[PDB]
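Q: Need a 3D model of the sequence below.
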Amino acid sequence: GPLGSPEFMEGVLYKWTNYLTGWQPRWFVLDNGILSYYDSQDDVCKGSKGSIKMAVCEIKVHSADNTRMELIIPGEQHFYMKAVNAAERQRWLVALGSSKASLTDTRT
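A: Numbering: from 1, shown residues only. You can find the structure just below:
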């Protein structure tokens, strides 16, 4: 994953809401082992209202290189994330996937 270059990642992901609404892009940034969500980029500066703690949350990454990844945090969870394309997904995989590999606390 992150090698030498600063381990920072930012962008949006597909988030499922309802069948009527379809899909809604939401803003996510990976920093310091925490994956935080915001309403927009400007909203980031206001201060996070909520975040996903990667050290306690699994980013589900297997092998198939494509946009589909899953975030599971026991209690809240049910976060499905999908990038623009598999390449974009790989960017998230660089920051997030490194967290998966030998992560803390009781997993699975």
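Q: Which residue is most remote from the mean position of this protein?
A: residue 20 (23.9 Å; CA atoms, centre = their mean).
Q: so which strand or helix has that residue?
A: Following DSSP states H and E, one finds residue 20 outside all helices and strands.
Q: now residue 26
A: strand 23-31.
Q: those helices in the chain, which residues are they?
A: 41-46, 86-92, 98-100 (DSSP state H).
Q: Name the residues of the first one that come out as buried.
A: When you say that, I think you mean helix 41-46. residue 44 (16 or more other CB atoms under 10 Å). Bear in mind the C-beta positions are built from the backbone N, C-alpha and C, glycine included.
Q: same question, stretch 80-89
A: Buried residues in stretch 80-89, counted by 16+ other CB under 10 Å: 81, 82, 83, 89.
Q: Kindly report the same for stretch 28-37.
A: For stretch 28-37, by 16+ other CB under 10 Å, it's 28, 29, 30, 33, 34, 35, 36, 37.
Q: Kindly reformat the residues you listed as CSV containing distance to residue 101.
A: Converted to CSV, the buried residues of stretch 28-37 look like this (distance: CB to CB, whole Å):
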residue, distance to residue 101
28, 20
29, 20
30, 14
33, 13
34, 17
35, 15
36, 21
37, 23
